[PDB]
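Here the structure comes first, spelled out in structure tokens, and everything after it is commentary.
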């Protein structure tokens, strides 16, 4: 990534690896090591993502929001 | 939240998202992105919550206590 | 505890809460909020404990060791 | 290890303990406390490893890469 990965990776049901970067992105990486998508936050992602039972990816940023991201990489909502 | 979310979210059995803020709150957020409740601690919550088998939410604060919070957002106990 | 809890709590099979303190202890706390035991390390425990399938508690210290602690609070081994 | 263990240990299906060190290694430790292997990264491993369903070990370094490591300690891939 463009920054330190302090974020601890979370693993989807299909083996997708979700991890925050200090570069401000949440990364979705396929088991093959190819980018699936990256989600632009406003701040460093030191928070380790969590995966809901419907596959939703939750993670906090230094931009003060908790992000809920759809498995396809589109914002579901952000909580300030 | 009112602060950085370094806290890694934990997910309840019903999909509730629990996460600490540097603003001193533990947040319970519904899958829909609406606040369920927030619990006021004395310090930054960098600790990532854990969920007991009875649904109890455990998390540490920079105020030096480990908090046990009922799913309804009321204090069960704090350990100094 | 005697310090900040940056350590994220881990939950045993019986509901025991394991958490590191910057005070240098790993704490085992019963679901009732009473101390079960505390294990003295040489350094801050920022590491979040993990629980093996046999109930062994693993956690790192700023004293440079990974600790394996028996459920009864006695050292199994430490890896430098 | 040669450094602080801020990395939270992850546990394999066979009970293998995976943990990052600030010394730049990911360590695989047998339940008996003997080194299985250590994987050399370019930076501090503060990230807590995660284990895929095929046993792959994922972890980020301060060297900016997310590492995918085979259970036998050989690099599968790294994502910058």
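Neighbour counts are summed over all protein chains in view; Cβ atoms, including those assigned to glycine, are modelled from backbone coordinates with ideal geometry. None of the figures in this text is laboratory data; all of them are computed from the coordinates on show.
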> When chain A is modelled as a GNM with alpha-carbon springs shorter than 10 Å, which of A:26, A:66, A:35 fluctuates the most?
Replying inline: A:35
>> Testing the spin-label approximation: label points 7 Å from Cα along Cα→Cβ at residue C:74 and residue B:77. State their distance in nm.
In response: 2.6 nm
> Top mean-square fluctuation among C:32, C:62, C:22, Gaussian network model of chain C, C-alpha springs under 10 Å?
Replying inline: C:32
> Say each of residue A:34 and residue B:30 gets a label point 7 Å from the Cα, pointing the same way as Cα to Cβ; how far apart are those two points in nm?
Replying inline: 4.0 nm
>> To make sure I understand, if each residue's beta carbon is the centre and we count other beta carbons within 10 Å, what order do D:46, B:24 fall in, fewest to most?
In response: B:24, D:46
>> For region C:15-45 and region D:8-80, what is the centre-to-centre distance using only Cα atoms, to the nearest Å?
In response: 25 Å
> Is the shape of the protein assembly as shown rounded, prolate or oblate, going by the alpha carbon gyration tensor and its root eigenvalues a ≥ b ≥ c, with a/c under 1.5 for rounded and a/b larger than b/c for prolate?
Replying inline: oblate
> Taking springs between alpha-carbon atoms closer than 10 angstrom, which of D:12, D:60, D:42 fluctuates most in the Gaussian network model of chain D?
Replying inline: D:42
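Please report, in whole Å³, the volume per residue of the convex hull around the C-alpha atoms of chain B.
Dividing the Cα hull volume of chain B by its residue count gives 74 Å³.
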